[PDB]
Structures are given as C-alpha cells and as structure tokens.
4 protein chains.
Amino acid sequence: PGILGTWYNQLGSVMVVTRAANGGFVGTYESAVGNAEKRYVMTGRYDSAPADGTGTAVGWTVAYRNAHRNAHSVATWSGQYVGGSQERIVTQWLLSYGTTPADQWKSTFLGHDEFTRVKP
Amino acid sequence: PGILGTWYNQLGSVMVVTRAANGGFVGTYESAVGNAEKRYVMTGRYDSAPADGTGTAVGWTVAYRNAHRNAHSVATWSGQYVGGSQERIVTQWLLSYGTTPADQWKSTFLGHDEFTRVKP
Amino acid sequence: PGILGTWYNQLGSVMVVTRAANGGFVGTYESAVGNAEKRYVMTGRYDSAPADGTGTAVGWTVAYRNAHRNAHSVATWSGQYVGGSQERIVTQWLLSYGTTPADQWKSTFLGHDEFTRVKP
Amino acid sequence: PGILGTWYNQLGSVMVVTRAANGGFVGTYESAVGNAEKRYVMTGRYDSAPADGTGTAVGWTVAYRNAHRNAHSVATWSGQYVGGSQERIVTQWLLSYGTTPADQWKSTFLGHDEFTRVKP
Ligand SMILES: O=C(O)CCCC[C@@H]1SC[C@@H]2NC(=O)N[C@@H]21
Ligand SMILES: O=C(O)CCCC[C@@H]1SC[C@@H]2NC(=O)N[C@@H]21
Ligand SMILES: O=C(O)CCCC[C@@H]1SC[C@@H]2NC(=O)N[C@@H]21
Ligand SMILES: O=C(O)CCCC[C@@H]1SC[C@@H]2NC(=O)N[C@@H]21
C-alpha cells in the first residue's frame, strides 16, 4: 500500500500509520489545532487493489477522546493516496460533535487535508 | 455505547456492529445500492464518554473491496448515535474513488444516511 | 419551474421565492435557528430544462447580513426540486464564516435541508 | 469588497465577477473540466461588513445550462475572500445533478476550489 509511517498535513498535524495489511490499517493521530492534545487512536481502510494509473482510495476515523481529553467529536477522512514523488494523501474530512436534538443542524464541520511525508 | 448489532439506513443497507469496546468498534457493511455485493469490512470509532444530554459522536470507514468485488472506493460516515426510542444514527458520508490526477476534482460523492434498528 | 412562493424546511425556516425565470430565481430566506433574525436576500439558479423523469437541480446562496444583524457567514444550498406530491426540495448546504488564516480549518459547517410546501 | 473582475482556480476555470454591490454580485463562470463549454450565469452573495482581521464570507451558484449545453447540474461554492497579497478565494463546492428518486444517494459531488488573480 505504501502508507506506513508518519505523515503531516498542512496544519502540522501528525498521522502515524503503525500497521497496514489486507485493506485495513491502524495508528495514531495528533491534531495540531482544535480541542486536542497528545495522540488519539486511528483506524481506517484502503483499496488493496487499486486500478492501474489511479490513486489508492483511503479513509480513516479518529474519535477525539484519549485518556487526557475528550472533545466529544469524531472525525473521518476520505480521499486517496497518490504515489510517485511527490507522494501525498488528499482528503476531505467531516468533524461531528455529539449534540442535543436542537443543535444537530450545527453538529458537523467540513474541511480538506493534504498529507505529505515531510512536515510543511 | 449501545450500537451493537444490526442497523438499517433509509436505502435498505445493512450495518452489523459485531464488537464495540473502549471507543472503537468493528463489523460489516452491506450496501443496497451502488457497485457492491455481499459484505465489506467496517471499522470505526465512537465517543466512549458522551456529554450528558447529547448524542454519542460516531464515525466509521468502509473500503468497498471484498473477495467478490472492488469498486475502488472508500466510504466514511460521520455523525452521532442518539439514544431513547426512536434510537437512530444520523450521519453524513463521503464516498471517494481512486482517480487519475486529472479526475481528482470529481472523486468524492457526498450524502447523508439515517440508520435505525428496524428496516424501513 | 414550480418553485415560486413559500417553502419550509425541517427546522421551521422560511424560504420565499419571489421571482423565478430563465434559470435564475430570487427571494428571501428566514432561518429559524442560528445567529439570524428577520429576512435575508436570496439568489440562486436552477436547471430550466430538466431531463425527463429526473428532478430539477437547484442551488442558492444566502449571505446572513441584513440591516438588523450580521453573522459574518454565507450559506449555500445545493440539491434538486422533486415534483409530484409530495413536492420537495432536497438539499445539502455549506455554511462558511469569515475567519483568520489560523482558523480557516474550522470555517465551514455542513448539513442537509429538506424543504416542503407545508410547515412541519 | 474587492472581488470584481477575473479569477482562476487550480483547474484553469475562469470566474468573471461583472458587478458587485450591497452584499450581492453577479457574473459568469467557465469551467475547464466536466460537461461544460462557453460561459454560464453566476449569482452570489458576500458579507458586506466583514469583521476586522477576518476574511470576507462569500458564496455563489452556477446552473450549468447555457444556450450551448445542459449538464443538468447546479454547483454552489461557499468560502471566504482573503485580502492582502496573495489575495485568494478559498471555497468548498457542491455539484448536484437532477436524478430519479432511486439515484438521489449519488446526486452530489463535493470538492474544494482555490481562486487566484493569476491563472496557475
Ligand atoms: O476540536 C476538536 O473537536 C478535536 C480536534 C479536531 C481537529 C480537526 S479534525 C479535522 C481537522 N484536521 C486536523 O488535522 N485537525 C482538524
Ligand atoms: O458504488 C460504490 O462505489 C460502492 C457502493 C457505495 C455505496 C454508498 S456508500 C454511501 C452510501 N450509503 C450507502 O448505504 N450506500 C451508499
Ligand atoms: O448562525 C449563522 O451564522 C446564521 C444562521 C445560519 C442558519 C443555517 S444556514 C443552513 C441551515 N439551514 C437553515 O435553515 N438554517 C441553518
Ligand atoms: O460536469 C458538469 O456537470 C458541469 C461542469 C461541472 C464543473 C465542476 S463545478 C465544481 C468544480 N469546479 C470547477 O471549476 N469545475 C468543477
């Protein structure tokens, strides 16, 4: 797959893929912004047989509660791994907070992250 | 957490949460629409300590390649589990295909899924 | 086109289409939630020749500053008008606030609105 | 406001703002990709009183039917205008096609566009 190890997005966040096999992967995520500190568990999936000439579809989930802090939010990234230098993971993400039924309408943020091997 | 077992969204898709503990959960996803057949691996996260009076933020990833088929796409759902009948998981999802660099602009679909215990 | 007049979404918000012709339409939007009060200008577009058997693609923009208040946010809805009772406009929307460069990552909310002729 | 004139996004698309006043603006949009050719009408809104130190929230709609072609789709951009060189409009967009009720789930694409004064 080629995603093993450390990645950095344009915010200085740190994604560490510690294991990847059979279309699934695991690791840690450390966000440089927002209500977060130290590392959070990360689990995701990837296309283990990408079509020739295309990127490798990926996706992963991060619940932003560790033993130090809980923002009560879950983020998910969806995009594709693009090989050949510059290698990059281009994503769009959803950040959803647990809310009351009256506040569901404002429960989800949307953004996009670009991950690279070298910290920007 | 309360998400164990079978869920159905408004499309007739089937989400089976087979294990859930310590802020992470696993299972299968079977999509009633699109380029899919049989079951696909599912992995995700959830807020294991939701604030009082709010929903439980969730999120999960499904790579749509099993041993029968590969759509070369990865989907991620992000939202919250709402307890108290009617119990429901309200989500918004991203479906991203592996593409060529010329086609990245049209690589991601966006939608929203509402999951319930009873099939609609 | 068939969108002239008053619409209500699932939040009790009020959309009034005052004119619609030649693929463009105008009106007012009154949001029942968030930092808003009274009416805001609304401008949008629609497919003036929808394919047979399909819905009519629509889209409109609302800057949430009137002469009474300014939330410093702009919302856009994108979806389709579906004819035949029950007539409905199904949408997904983006709400973007003006921010500092350090806060761009959390500048946009995402949701979905379903509009109907009768207030829910 | 400062958005008058020609803009280019990272795809080579051309956005021409022909008039802008009182929180609303108009113009043309020419997309370098997808089912499009020549120019399409564009209408949108902007925050006419942005908070000090922040960007100017914007948003606009483009129905992709001109007198030459109809893709049966409507796109909307939502984001903010950032002043001070490099001036830029950062956006996230929704592209929604008119569909049958069975195909609504796959009716909307999601992406992000960055517009600049100089064509990339
Ligand atoms: O504030 C929170 O609720 C927890 C931190 C959220 C950080 C978000 S998650 C998506 C985006 N990309 C990042 O690397 N960080 C932000
Ligand atoms: O067509 C594909 O690429 C694979 C099937 C995708 C099914 C999507 S995933 C999100 C949405 N919700 C569902 O239950 N099914 C569709
Ligand atoms: O709080 C603000 O920034 C202004 C009010 C925003 C209301 C949003 S716009 C999209 C969603 N749908 C509605 O009818 N209201 C909310
Ligand atoms: O293919 C279509 O349905 C019409 C052309 C769509 C072009 C899209 S709209 C959003 C994105 N940004 C662009 O400048 N072009 C694409």
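Only this structure's heavy atoms are used, side chains among them; waters, hydrogens and symmetry mates stay out. Per chain, numbering begins at 1; letters A, B, ... match sequence-line order.
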Where [X] and [Y] come nearest, the two heavy atoms and their spacing:
X: A:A57; Y: B:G98; value: CB-N, 3.8 Å
X: B:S13; Y: B:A32; value: OG-N, 3.0 Å
X: C:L95; Y: C:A75; value: CD1-CB, 3.6 Å
X: A:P50; Y: A:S48; value: CD-C, 3.7 Å
X: C:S78; Y: D:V74; value: OG-O, 3.6 Å

Check whether any side-chain heavy atom of [X] sits under 4.5 Å from a side-chain heavy atom of [Y], and report yes or no.
X: A:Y64; Y: A:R69; value: no
X: C:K106; Y: C:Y97; value: no
X: B:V62; Y: B:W77; value: yes
X: C:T76; Y: D:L94; value: no
X: A:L110; Y: D:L110; value: yes
X: A:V82; Y: B:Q104; value: yes
X: B:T54; Y: A:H72; value: no

Looking at [atom1] of [X] and [atom2] of [Y], how far apart are the two atoms once the value is rounded to the nearest 0.5 Å?
X: B:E30; Y: B:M15; atom1: CD; atom2: CE; answer: 13.0 Å
X: A:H68; Y: A:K38; atom1: NE2; atom2: NZ; answer: 5.0 Å
X: A:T43; Y: B:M42; atom1: OG1; atom2: CE; answer: 11.0 Å
X: A:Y46; Y: A:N22; atom1: OH; atom2: CG; answer: 6.5 Å
X: A:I3; Y: A:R19; atom1: CD1; atom2: CZ; answer: 11.5 Å
X: D:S31; Y: B:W105; atom1: OG; atom2: CH2; answer: 6.5 Å

Short question: side chain of [X], backbone of [Y] - any donor-acceptor pair under 3.5 Å?
X: B:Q80; Y: A:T99; value: yes
X: A:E114; Y: A:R88; value: no
X: A:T91; Y: A:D113; value: yes
X: D:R117; Y: D:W7; value: no

Do we see a donor-acceptor contact under 3.5 Å between the side chains of B:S96 and B:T108?
->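 Yes - a donor-acceptor pair under 3.5 Å links their side chains.
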For the residue pair D:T116 and D:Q86, confirm or rule out a side-chain donor-acceptor distance under 3.5 Å.
->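 Distance-only check fails for D:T116 and D:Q86.
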Whether A:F25 and A:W60 hold their rings parallel, tilted or perpendicular, with breakpoints at 30° and 60° =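 It falls in the perpendicular class, over 60°.
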Report the residue from A:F115, A:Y8, A:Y29 that forms a side chain to side chain contact (heavy atoms under 4.5 Å, CB included) with A:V14.
->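 Exactly one candidate clears the test, A:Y8.
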What pairs of residues pass the salt bridge (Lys or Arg N to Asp or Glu O under 4.0 Å) test when at least one of them lies in residues 42-54 of chain A, not counting sequence neighbours?
-> none
